[PDB]
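The lines below spell out each chain.
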Amino acid sequence: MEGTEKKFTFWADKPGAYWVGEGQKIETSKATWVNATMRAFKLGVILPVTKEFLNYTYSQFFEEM
Amino acid sequence: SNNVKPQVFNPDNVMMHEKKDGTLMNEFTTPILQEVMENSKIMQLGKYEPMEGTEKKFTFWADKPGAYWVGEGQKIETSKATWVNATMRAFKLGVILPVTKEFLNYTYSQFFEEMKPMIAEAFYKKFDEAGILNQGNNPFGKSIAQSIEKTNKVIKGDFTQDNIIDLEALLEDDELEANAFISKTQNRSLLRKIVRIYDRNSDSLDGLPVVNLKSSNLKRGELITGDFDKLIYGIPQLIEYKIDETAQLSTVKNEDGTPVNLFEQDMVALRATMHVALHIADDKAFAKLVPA
Amino acid sequence: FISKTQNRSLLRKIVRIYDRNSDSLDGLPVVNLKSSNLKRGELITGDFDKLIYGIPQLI
């Protein structure tokens, strides 16, 4: 999915067939499809730190978060 | 909260990837400009003056030295050349374009590159209208229209051939040739049908070129002319672009009235700035025709 | 023609015999003088090959 939205299309109807005698007229038939779609949403969080903490208490903190 | 509907803004200058009705603008097509962008008319007409501070000092000549007829062995008398000082200062132009980072990923990823020509056009129009028409809260005090008010060097009435001549003759009345006309592009309607002194084959009026301004402040009935070599400009700073992903913007506010923090809200903004300067070397060099 | 540059104001609006496309008057060139002694209303012309000058001492 490259954009924030995506499209799907699916078959829905399939053609018929008939029995025809010799020199009788052959009849017609029809196919059909249907569509569906999905979109994306955003997740987020922020973690703030006092820079003394990141020097004198827990240097690795963000790598462990 | 986990509130997912998009952020409303005020003044609403922020570019967004989805509309409040839920329309995500995927598969968007890059716009194409209808006309073509305008150049600066001041930079077309005026003299350039290389400047590197925000301020310049000029020297111009004023009095020429004389000469005398001397008989054989008669005393050669003296004479004085004189000059006059002038000065011009720069002021800063700038604008900011805020963008939601989804827009810059999914709608229109080249947006900030495709905007640079339009930002320049916005500054050129802002400069021209400030220096010619005295409009848009100009900073200089110096302008063409403010010079014509001070000299009161105004013809009153309609575009008769007598008035078109008297307009230019009011500069000849001080030994200055006019060098161009400044016109509202809408008023060819009048200049065409007088008797001809105008031609559209070049857009010239009595052989001098016509330059069109393209803003709402110059009316139908008005015409400007002068010796545009007496108008001088400089540019200490060619347009500089800075893109920022974390600053606060105070001038744009959220729906609740809070400022827009570009980091918390996942946004981007382009700041552009330019420094530009204007001087009018002789305020008598410009004259105007105005309807009564 | 010898003309005060200020008096195009008159030569323009008569009927044309003048043009500013060259600054000529009836096809002869106009030369502008640029001093206060030649007035607005005055125009001079002649066969200027009959006017002769010389310079024994360059400046």
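For this deposition, the record names cryo-EM as the technique by which the model was determined and cites 3.2 Å as its resolution.

Draft legend 1. Geometry of empty space enclosed by the protein. Roughly 50 Å³ of internal volume is contained in the largest cavity. For the largest cavity, the full set of lining residues is B:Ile165, B:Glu168, B:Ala169, B:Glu172, B:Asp206, C:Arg8, C:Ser9, C:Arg12 and C:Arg20. A per-element tally of the lining of the largest cavity places helix α5 (residues 161–172) of chain B first, with four residues. For the lining of the largest cavity, the per-class residue count stands at two nonpolar, one polar and six charged. Taken as a whole, the second largest cavity encloses approximately 40 Å³ of empty space. Lining the second largest cavity we find C:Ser3, C:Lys4, C:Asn7, C:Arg8, C:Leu11, C:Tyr18, C:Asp23, C:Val30 and C:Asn32.

Draft legend 2. Representation of the layout of surface pockets within the structure. Here the largest pocket defines a volume of roughly 1,400 Å³. A:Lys42, B:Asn3, B:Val4, B:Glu102 and B:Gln265 are the residues nearest the centre of the largest pocket, which is lined by 35 residues in total. Of the residues in the lining of the largest pocket, the class split is 15 nonpolar, 11 polar and nine charged. Put simply, the second largest pocket is a space of about 410 Å³. Taken together, 13 residues form the lining of the second largest pocket, with B:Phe60, B:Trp61, B:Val84, B:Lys230 and B:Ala281 sitting closest to its centre.

Draft legend 3. Quick peek at the interface of chain B and chain C. With 15 residues of chain B at the contact, the number on the chain C side is 11 residues. In total, chain B and chain C occlude about 1,200 Å² of area from one another, counting both sides; carbon and sulfur atoms represent 34% of this. The interface formed by chain B and chain C contains seven salt bridges. Between C:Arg20 and B:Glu168 there is a salt bridge, with its nearest N and O atoms 1.8 Å apart. The interface formed by chain B and chain C holds nine residue pairs in polar contact in total.

Draft legend 4. Structural view of the side chain of B:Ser215. Residues and elements named next belong to chain B. Within the element layout of this structure, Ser 215 appears in the loop between β9 (208–213) and β10 (223–226). Among the polar contacts made by the side chain of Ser 215, one reaches the side chain of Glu 129 at a distance of 2.6 Å. Apart from the residues lying within four places of it in its own chain, the contact partners of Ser 215 are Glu 129, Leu 133 and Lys 184.

Draft legend 5. Looking closely at α5(B). Here α5(B) spans 16 Å end to end across 12 residues, near enough to the 16 Å set by a 1.5 Å rise per residue. Across the 12 residues of α5(B), nine count as buried, placing the element largely inside the fold.

Draft legend 6. The pattern of salt bridges, seen in detail. Within this structure, the stated rule accounts for 25 salt bridges over all chains. Two residues, B:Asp166 and C:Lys13, come together in a salt bridge whose shortest N-O distance is 3.0 Å. With B:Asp166 in helix α5 and C:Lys13 in the loop between α1 (8–12) and β2 (18–19), this residue pair bridges two chains. Here C:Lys13 falls in the partly exposed class, since its relative accessible area comes to 29%. With its nearest N and O atoms 2.8 Å apart, the salt bridge here joins B:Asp174 to B:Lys284. On the basis of relative accessible area, B:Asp174 is assigned to the partly exposed category, the value being 31%. Ionic contacts of the salt-bridge type, sharing partners, join the residues A:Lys42, B:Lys101, B:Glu102 and B:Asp266 into one network.

Draft legend 7. View of the interface of chain B and chain A. Facing 11 residues of chain B, the contacting portion of chain A comprises eight residues. Roughly 760 Å² of surface becomes buried between chain B and chain A when both sides are summed, with 54% attributable to carbon and sulfur atoms. Summed over the three residues of chain B that lose the most area to chain A, namely B:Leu24, B:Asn26 and B:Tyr106, the buried surface amounts to 48% of that side. At the surface where chain B touches chain A, the tally comes to three salt bridges. For A:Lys42, the salt bridge is made with B:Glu102, and the minimal N-O distance between the two is 3.7 Å.

Draft legend 8. Seen up close, a nonpolar patch on the surface. Together, A:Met1, A:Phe8, A:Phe10, A:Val34 and A:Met38 give the surface a local cluster of nonpolar side chains, amounting to about 460 Å² of exposed area. Those elements that provide at least two residues to the nonpolar patch are β1 (5–13) and β2 (32–39) of chain A.

Draft legend 9. Just the pairing of strand β6 (residues 180–184) of chain B, in detail. All names here are of chain B. Of all five residues in β6, five are buried, a share of seventy percent or more. Of the two faces of β6, the one holding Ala 180, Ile 182 and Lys 184 and the one holding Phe 181 and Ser 183 are both buried throughout. Sheet topology note: the β6/β10 ladder contains four bridges and is antiparallel. Within the sheet, the bridge partner assigned to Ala 180 lies in β10 and is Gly 226. Alignment of β6 against β9, held across four bridges, turns out to be parallel. Residue pairing for β9: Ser 183 is matched across the bridge by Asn 212.

Cut-offs and rules
- Residues numbered from 1 in each chain as written, not as in the entry; some residues may be left out.
- Chains lettered and ligands numbered in written order.
- Part of a larger assembly, values for the part shown.
- Heavy atoms only, no water.
- 1 Å grid on protein atoms, 1.4 Å probe; cavity = no way out; pocket = protein on both sides within 12 Å on 5 of 7 lines; lining within 4 Å.
- Points joined across faces, edges and corners; volume = space filled by probe spheres on them.
- Helix = DSSP H or I, 4+ residues; strand = E, 2+ residues; numbered from the N terminus.
- Nonpolar A, V, L, I, M, F, W, Y, C, P; charged D, E, K, R; others polar.
- Contact = heavy atoms within 4.5 Å.
- Buried area = accessible area lost by both parts, 1.4 Å probe.
- Salt bridge = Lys/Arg side-chain N within 4 Å of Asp/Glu carboxyl O.
- Polar contact = N/O pair within 3.5 Å; in protein donor to acceptor, adjacent residues only side chain to side chain.
- Expected span 1.5 Å × (residues − 1).
- Buried < 20%, exposed > 50% of the residue type's maximum accessible area, 1.4 Å probe, protein only.
- Patch = residues over 30% accessible without salt bridge, like charges linked within 9 Å, V, L, I, M, F, W, Y side chains within 5 Å.
- Areas by Shrake-Rupley, 256 points an atom, 1.4 Å probe, with all protein chains shown as cover.
- Pairing = 2+ DSSP bridges.

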